[PDB]
Ligand SMILES: O=C(O)c1cccc(-c2cccc(CO)c2)c1
Ligand SMILES: [Cl-]
């Protein structure tokens, strides 16, 4: 049961942008979106792929645990937070592409492809370079497909160990207070048009969980903060968060 609420378009147009928010009420098994078409249009996952990539790296032993240190390779990159050592937690927090590129190389094409199929993840197509296919290869995923994948992770139903799923959900922790917990991952796709930003995850309440997946046009990096801001305005409008 899906419902289209075009009134949310105001949250995008008011910021001179276009995009989609998809919400899923777990208790009621009901979905909501401002744009049914765009909700099912498939985009590069970009750094949202760090969720499945983390799961695979942990389950195969490429990553021992969330404490293992991935040493900076000494190559100065334009994002200061990348020029340092990281563990799984900080690598997720700062979307440290080069750490996850090495994960993918150690995972390898064959095992990566099999795992994405087992996860039913997007179009399951890793065509391209194994260390960048989620940035400029053939893999694609829609907002509704993100929700489906995230729900499996929440319920520990993905075909990796419970431990791997618990660790990745810890690493997804973004915000927590007395009212809610948000576990999510941002994404920023620039190598293939249209340039977009992602924010996918869920909101944990005392008595329910709301899954969310949004993407929006992102012609410049100046609007990246709108990914979370627009999502939270929708959540506030729907009285999911205060
Ligand atoms: O999604 C973000 O919030 C985020 C976090 C860390 C880095 C970036 C990012 C911004 C511009 C270019 C590049 C490419 O090197 C990356 C975006
Ligand atoms: Cl946690």
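For the pair residue 67 and residue 193, label points projected 7 Å from Cα toward Cβ lie 5.0 nm apart.
On full extension, the segment bounded by residue 89 and residue 6 gains 26.3 nm, given 0.36 nm per residue less the C-alpha separation.
A Förster radius of 30 Å combined with the Cβ-Cβ distance from residue 239 to residue 166 puts the calculated FRET efficiency at roughly 0.50.
State the dimensionless ratio Rg/Rh of the chain (Rg: radius of gyration of Cα atoms; Rh: Kirkwood radius).
Numbers: Rg = 17.1 Å, Rh = 18.1 Å.
A ratio of 0.94.
FYI, it's all coordinate maths here, none of it is from the lab. Reconstructed Cβ throughout: ideal geometry from the backbone, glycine too, with neighbour counts over all protein chains shown.
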